[PDB]
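Peer 1: Structure in structure tokens, see below.
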Amino acid sequence: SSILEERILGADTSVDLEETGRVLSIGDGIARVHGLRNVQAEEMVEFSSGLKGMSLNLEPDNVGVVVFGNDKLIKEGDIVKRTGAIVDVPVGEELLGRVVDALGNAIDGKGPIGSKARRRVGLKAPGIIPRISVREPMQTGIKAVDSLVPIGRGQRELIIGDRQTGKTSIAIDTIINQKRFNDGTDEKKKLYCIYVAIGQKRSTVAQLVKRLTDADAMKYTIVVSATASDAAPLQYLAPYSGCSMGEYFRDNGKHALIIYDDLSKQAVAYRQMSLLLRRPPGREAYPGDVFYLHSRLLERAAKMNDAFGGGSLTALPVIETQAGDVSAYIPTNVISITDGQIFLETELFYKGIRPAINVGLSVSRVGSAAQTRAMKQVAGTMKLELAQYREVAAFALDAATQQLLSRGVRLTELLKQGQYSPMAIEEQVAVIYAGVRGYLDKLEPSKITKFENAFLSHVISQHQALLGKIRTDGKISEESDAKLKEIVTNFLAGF
Amino acid sequence: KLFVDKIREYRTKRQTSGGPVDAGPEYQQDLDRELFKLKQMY
Amino acid sequence: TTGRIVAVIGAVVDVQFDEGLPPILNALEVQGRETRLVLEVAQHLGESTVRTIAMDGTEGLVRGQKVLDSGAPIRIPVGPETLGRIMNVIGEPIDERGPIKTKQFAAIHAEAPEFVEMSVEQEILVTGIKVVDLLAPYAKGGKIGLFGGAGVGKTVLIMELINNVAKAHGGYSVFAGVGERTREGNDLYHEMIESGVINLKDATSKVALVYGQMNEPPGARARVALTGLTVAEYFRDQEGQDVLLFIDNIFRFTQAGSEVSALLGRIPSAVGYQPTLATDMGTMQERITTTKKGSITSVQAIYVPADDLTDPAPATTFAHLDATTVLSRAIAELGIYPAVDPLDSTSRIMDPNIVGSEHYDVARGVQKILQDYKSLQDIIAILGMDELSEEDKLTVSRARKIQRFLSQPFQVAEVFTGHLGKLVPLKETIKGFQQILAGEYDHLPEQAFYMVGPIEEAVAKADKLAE
Amino acid sequence: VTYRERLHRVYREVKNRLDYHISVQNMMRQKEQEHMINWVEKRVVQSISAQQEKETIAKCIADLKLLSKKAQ
Ligand SMILES: Nc1ncnc2c1ncn2[C@@H]1O[C@H](COP(=O)(O)OP(=O)(O)OP(=O)(O)O)[C@@H](O)[C@H]1O
Ligand SMILES: Nc1ncnc2c1ncn2[C@@H]1O[C@H](COP(=O)(O)OP(=O)(O)O)[C@@H](O)[C@H]1O
Ligand SMILES: [Mg+2]
Ligand SMILES: [Mg+2]
């Protein structure tokens, strides 16, 4: 009560001399302003109703200002005040665990964001000298993604697939799995995840935040929600806000991971924003600019060399393809901007094979680089064996052919996984080892899942010393291989 | 000025705070509805 | 002179001068910036107003700034001191090793060579790639195009060509990466440093690099190509030496031109493209020519948007190339690599008087049999192969063997495939395809030919499979 | 097996009896504050109906002097 009265005092009621303009016509989400003589381009003007807008067009007689809210709160004749700073957002480790909207205004309750530094959403990507090749591994905790199509730190993978094929699930598992690194001793393996929700139902993001709080995963995650209802100029801006909150870490020596979900619903917001500016539509009514929109956003997921801090910013854009057409306009626009891709088939998903990665088409163009040596040993064989199995699965003779079929089916059953169940790297190594070396070719395929579960519960309970040996020495030595072979054989015996 | 005005407005309200001041039946009805919702979920 | 900004819409800045205007194509410096922002004039609106395209971010431009005319178009440092350096569109070095200390500068908007200077000599260029050598033999001194969708091989292939051709080359080289990944440019830089092609402590560098990568505004992407053409034109003329000029991706030139052509107030052409698509492409591709003073061998990677070869951009560029090489996603999904489409690749030196008669006959037999198999595919996809004559079954078997044999493992794709990269000499390619067509290998299985070099390796792999 | 279940269940019931109370407290106090502001604003709007306009204008003019001095 008196707390509220202290809330009264200490508020800045000082008045300042500020330049101003008068709105002429608001409609279609683009206000026209008159005046603002000394207004910079891409500046952030502020309307009288607390709204904000980005000074977009500097025409000789007026300023076209895109409103960052609902244009029903803007009259004609209102007053627009320039805040004298290119569109900024608050950055810092004060945002971690906070659900901020596209402009850093906490939509969380939980007080305001106590940030002390601001970045520009319209910054430029690092050049060619600062960057260095991708070296460190980004552990997704998903067997299929971590073995076959690995990811690095600084890479910008893509997750592409249809409605409800488990793209958000892969994103959330990647976010959750980082919990173990974000508790250890060295600040060199800590990953500070970010999650941009663009044009998504608000209830979905609420439940996602609840899930991330169940798994203790909000200590480092920032959720930047520009949900379905929010005006188009906010869904267009949210990715850039998130990318700035990640660039802060990248430029201060830390490691970040940003998940845009989806980028197929930012390009739709941008197409709205453009067609309402009368810009000439192109292919599918998208403006010709709809490439630069994503290229400039995804070119910031860099990996700065050691003379520039050494930080990094992984990116996991999530595209959504109607009827699984990988050759549409936006899917190809983004497939030519990213360093890899993870195709989530909708018929593998409907077969219960989840996560539905289509390993035939998925690829990672840093791939074997930035992969733990142990996983490399175990999973190169899996890659070759799966390749051979795929070559022949179009009909269902000899010993080798049936051997390929059986081993491939076993491996497929082995790569399935459950939600919110990431696995440490050593656990994946152990499972895929028991799968590829051939200690499962007799067990029925239908049982391969049960085995997996049981096997884990054994290895985690009893032989944690071996798993720690694998983790510390990121490689399967000969003695470690022999001990692991003994463990697998003994466990399989009792089955 | 207005900072002092807010200060004194709060003073003269709290002094007439023998409870919730000038609330009305909506006060009790809404509070009871919320409390019963809490009961239903607790 | 000295004008003042009067409008700023996206990357198009309208400026006003009170004294004489600058002629079109000049460069203007925005006085009062924390960096160098060059605006290149493009129109003369009237009222002593010009409309300019900014070659850098135009964020923070206040209506009423001061713009100072340079008097000449964008001029970049050319000469032998650009070898091993990196350059943006406006010619500044972006490799952090100090200024490019040259004697002589070049304007990026020169004119195309006149008709009385074109060379006509045609000669095959051997690349070590089976399909390129056999069906679309590249010409030494002529424009070459790699048409591809997104994720089909344009860059792995242009890197294989870089390796094969350039490392075995005597002349200079230029790589103008326009509108493409930045990490790819960094990897290329650090991969030529380790190959000795670029030298950071000497003057023995052979490659100049120019970069307008995809993070750059539309103004820069639309002009870095001209900077590359200029750096290569110099080595062609003022040295009289054979140049190689790789460009990736030349479709970003026209795409950026169209991004910054709605703002110039033009009526949009067919698919939203600028009305001046064909002429803008022509005035650029017509300076990339071998003439009587030098010889430029240009390899351009053309992107085919949404996998549409009838799109105006590739459809227009098809007329500026000697040899095309249409990489197709349908083949790449079969695992064949390079995905080159044998029945869309063409060349202007597929002449029996240029490549001889055995080469021409083998290439045409390969194309005939592949075309027959393509015609059969419509029936095969439904009535199966059990409904074909015996000659048709034999044709299909040969066609599948040939489709596989065209696939090759590249050196730069070891990290992907693990296999060892192969150069197949031209005679070995002709011999192998001649044998497959004759029928000397109807007993082997298809997969014996998948990802092998000369046919000796095919026979060896067929032996391995038989045990 | 019942041992651990009952041990957890006692914690469940105590924490639920705590949560009911804390949630009721939050709800009632926040609604109280909201009404606080509502009426305080409505009544200060009325209280602005005095005859102090001369003091306000004097303060505004003095602050204008301050701004003018600072802006040159
Ligand atoms: N690995 C998995 N195992 C089992 N079920 C899964 C898995 N991943 C996702 N699902 C299920 O798929 C359904 C939708 O998945 P999800 O929301 O992750 O897909 P999505 O592509 O994000 O959908 P949308 O993009 O439309 O939001 C959910 O019911 C979820 O439980
Ligand atoms: N010769 C090849 N051998 C094996 N794989 C290839 C080959 N060429 C391309 N690929 C695969 O296709 C992908 C296409 O990438 P790339 O060609 O570099 O980009 P672009 O889309 O510009 O062609 C590569 O990452 C690689 O995985
Ligand atoms: Mg989802
Ligand atoms: Mg490429």
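In order, the residues displayed for chain B correspond to 41-82 in Swiss-Prot numbering, which applies throughout.
Determined via electron microscopy, 3.3 Å.
Quick reminder: no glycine exception, Cβ is built from N, Cα and C everywhere.
Relevant sequence annotations retrieved from Swiss-Prot are reproduced here:
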MOD_RES   B:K41  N6-acetyllysine
MOD_RES   B:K46  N6-acetyllysine
MOD_RES   B:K79  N6-acetyllysine
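Mind mapping these onto the model and telling me what they sit next to?
Peer 2: In the three-state DSSP classification, B:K41 (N6-acetyllysine) falls within coil.
Secondary structure from DSSP puts B:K46 (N6-acetyllysine) in a helix. Long-range neighbours of B:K46 (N6-acetyllysine) (same chain, six or more residues apart, CB within less than 8 Å of its CB): none.
Here the Cβ of B:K79 (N6-acetyllysine) has 10 other Cβ atoms within 10 Å, regardless of which shown protein chain they belong to.
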Peer 1: About how far apart, in whole Å, are the alpha carbons (Cα) of B:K41 (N6-acetyllysine) and B:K79 (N6-acetyllysine)?
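Peer 2: The Cα atom of B:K41 (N6-acetyllysine) is 46 Å away from the Cα atom of B:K79 (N6-acetyllysine).
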Peer 1: Among all protein chains shown, how many Cβ atoms are found within 10 Å of the Cβ of B:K41 (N6-acetyllysine), not counting that one?
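Peer 2: For B:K41 (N6-acetyllysine), the count of other Cβ atoms within 10 Å is 11.
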